[PDB]
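Read the single chain below, which is given as structure tokens and is the form deposited in one PDB entry.
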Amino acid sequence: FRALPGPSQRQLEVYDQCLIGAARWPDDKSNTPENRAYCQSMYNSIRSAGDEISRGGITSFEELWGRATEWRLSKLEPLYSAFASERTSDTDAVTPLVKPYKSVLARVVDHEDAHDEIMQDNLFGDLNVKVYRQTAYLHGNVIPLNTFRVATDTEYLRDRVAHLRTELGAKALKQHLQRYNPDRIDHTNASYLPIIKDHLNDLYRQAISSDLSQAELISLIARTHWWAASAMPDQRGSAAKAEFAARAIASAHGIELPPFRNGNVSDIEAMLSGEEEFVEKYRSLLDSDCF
């Protein structure tokens, strides 16, 4: 193809490098030694991958996702397999909305696109819930992605959770709450990963062309970020990988993306919006202020 500019000589200030890939929950780690280092490591590996991208050394999004995974893996451990494996279609992916995701609860309850449904549970019964349903549109067809659930009948919950503990046992209850916690995220069905990965490859292929306005480039990057994160392709570490890939693509063009603002967790911000919506706000999620 045609070599790109590659990472810029003018680098981010060190305190920003140390915030790359951080998870700055508005309700809370990013200041710790190990996280600063982890973030500076990500910033550096992104530039390394960027150099390669600019030279035509990484020809597929899958290849780039592979580089991101290798990096994240070197930062690890029995959970190794989870961070290294893709999600298989014979499974479901669920993230309970518990620490450190508490800030998400409110984001779902007060979301403009949220609605009230009834969530039947063979233990708690039918529960009233605020529901946000992330969907995407590819090739003319809707494809449901992540679904957020937050139960409102709190009182009933705390009391009922109690009786169950003693009736079924903590062990069994936890086994159940781990998958069907009243407040949780049911992630994009693994069955869509094949079609989505192919799409990510087309976005990548386009973001690798040397003739694009900066604006177009940023939007392409925000899109790629949205798809990669919302799809949550791997069993573990998808957010980290999605951000790595986005930044790398940017770095390959000489763009030095700043860290995400405090309070803005990129993957969560993505799962809470539609594609265009996220693309239009992407810039504002990034801390690009001088002072």
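So that the term is clear: the rigid core is the largest set of C-alpha atoms that superpose within 1.5 Å between two forms. Start at 1 with the first residue shown and count on from there.
This next part talks about the form deposited in another entry, which is not shown.
A.B. asks: Determine, with the core as the superposition reference, the one member of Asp116, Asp202, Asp211, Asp92 that shifts its CA by 2 Å or more between the shown form and the other one.
C.D. replies: The displaced C-alpha is that of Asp92.
A.B. asks: Tell me whether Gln178 is among the residues that move between the shown form and the other one (Cα shift of 2 angstroms or more, core superposed).
C.D. replies: No, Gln178 moves less than 2 Å.
A.B. asks: For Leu168, does the CA position differ by 2 Å or more between the shown form and the other one when the superposition is done on the rigid core?
C.D. replies: Where the cores coincide, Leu168 still shows a C-alpha shift between the shown form and the other one that is 2 Å or more.
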